[PDB]
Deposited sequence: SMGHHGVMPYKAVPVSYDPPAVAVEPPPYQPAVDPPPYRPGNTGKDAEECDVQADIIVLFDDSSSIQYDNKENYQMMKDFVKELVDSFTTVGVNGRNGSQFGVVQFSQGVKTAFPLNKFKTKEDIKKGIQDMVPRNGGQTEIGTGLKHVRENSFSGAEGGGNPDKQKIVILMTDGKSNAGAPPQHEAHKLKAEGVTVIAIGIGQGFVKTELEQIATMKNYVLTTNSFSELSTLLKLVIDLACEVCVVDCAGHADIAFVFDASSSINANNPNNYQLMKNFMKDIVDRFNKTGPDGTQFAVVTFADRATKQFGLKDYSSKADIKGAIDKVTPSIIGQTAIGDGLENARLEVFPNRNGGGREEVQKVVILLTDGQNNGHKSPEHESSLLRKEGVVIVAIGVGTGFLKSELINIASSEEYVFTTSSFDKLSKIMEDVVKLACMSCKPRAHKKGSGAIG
């Protein structure tokens, strides 16, 4: 039940030192410290030599931010653990999550504090018992941080944090871990190491199973008879960006939705790009003007996904709000729990962004455009996500 990660990394822990923690229980800080010590002892290359080594730093945040120690301060696990033990919580009267994230981006990973080595994965583990209520706006700071190639894991403790805020901050919604008490932190260790050791890269030549789940309502071609073809061209252009299709590379499937959902083709129907693109083009729209986003996702879950070890992706496109036959929140949750990464795109003024946000793996994976002609504007960003390939590297000690 104890694991390790052999990945070379610079790891920053963002450690809430708000007064709420001390008020709740005088032993809470010790339990937080112990948890962080256990993290240190989970990374095998911490304390290694020179260029094959991992580093650890800790930054306290509540009212303002204090660096407990930088990445380059200590050189062995023991010394790092002593550093953690010697930390003095400040018991601030505010919780500035965003200011913490900003400090980490601007200082913690800088050359001056020992960061910047390109062979190293950058990881931030945030621990908080509160909601951000002052300082730099957190969603924006989290965006800039992650844009620099930083993985963000968020741990929420007790009843005072808000889960959707942590979900916006973390790399994906399932990089958020929650527990009811500081006493149970240790039950999250394996999960945190598993996420920290998840290596995600952009690789359009990898093995992936990709499902387009798209709107085929009569509404699409209402204000412009080109819309449906523009949407097909967008999907065909995405297919063309993969190096190789079929069982030896990338497999594609299509599900469409209107009042209900229909599997047009599964992952094993076609192996050539020409066949995949021609199959996309043959798909006909419904004469019904409903959009069953929930049914589309259910269909992908039950009829498309059940290749093993391969990255699974759903790219969903809609021009309307859900009809309620199935719950998009529930169906997407089930898909994401199975390892499916979900990208959500709304086109026009008929969709609801809340629903896109509910189904996507992250609000960073949500895209909106005013028209089908402007799908080209989001193409590059969508491809980078469609090509994302995540590999778990943690294993038992």
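What's missing from the model if you number the deposited sequence from 1?
-> Gaps vs deposited seq, in order: 1-45, 352-357, 449-454.
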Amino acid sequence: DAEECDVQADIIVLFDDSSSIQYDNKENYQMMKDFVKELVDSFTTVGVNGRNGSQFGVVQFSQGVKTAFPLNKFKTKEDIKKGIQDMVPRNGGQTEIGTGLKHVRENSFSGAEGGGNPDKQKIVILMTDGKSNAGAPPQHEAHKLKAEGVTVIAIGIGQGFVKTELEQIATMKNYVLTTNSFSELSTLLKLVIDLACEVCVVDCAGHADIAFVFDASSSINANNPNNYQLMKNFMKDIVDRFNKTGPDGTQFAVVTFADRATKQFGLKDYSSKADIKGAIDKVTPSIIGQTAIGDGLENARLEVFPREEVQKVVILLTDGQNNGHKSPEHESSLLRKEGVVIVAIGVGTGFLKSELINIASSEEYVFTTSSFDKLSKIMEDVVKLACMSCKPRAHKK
From here on, numbers count along this sequence of modelled residues.
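Out of 12-20 and 371-379, which one has CA B-factors that are higher on average in the deposited record?
-> Mean CA B-factor is higher for 371-379.
Between 157-165 and 121-129 (mean CA B-factor, as deposited), the higher | Averaged over C-alpha atoms, the B-factors run higher in 157-165.
Residue of maximum C-alpha B factor among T291, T284, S108, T171, per deposited coordinates | Most elevated C-alpha B-factor of the set, per the entry: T284.
Residue of maximum C-alpha B factor among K102, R307, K232, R260, per deposited coordinates = The C-alpha B-factor peaks, among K102, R307, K232, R260, at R307.
Pull the Cα B-factor of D215 out of the PDB entry and bin it into the chain's lowest, middle or highest third.
-> Lowest third of the chain for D215's C-alpha B-factor.
Which third of the chain holds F69 when residues are ordered by C-alpha B factor: lowest, middle or highest?
-> Within its chain, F69 is a lowest-third residue by C-alpha B-factor, going by the deposited values.
So where's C200 on the chain's Cα temperature factor ranking, which third?
-> Highest third - that is where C200 ends up once the chain's C-alpha B-factors are sorted.
Within this chain's modelled residues, let me know which third the CA B factor of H143 belongs to: lowest, middle or highest.
-> It belongs to the highest third of the chain when residues are ordered by C-alpha B-factor.
How does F182 rank on Cα B-factor within its chain, lowest, middle or highest third?
-> As the PDB entry reports it, the C-alpha B-factor of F182 lands in the highest third of its chain.
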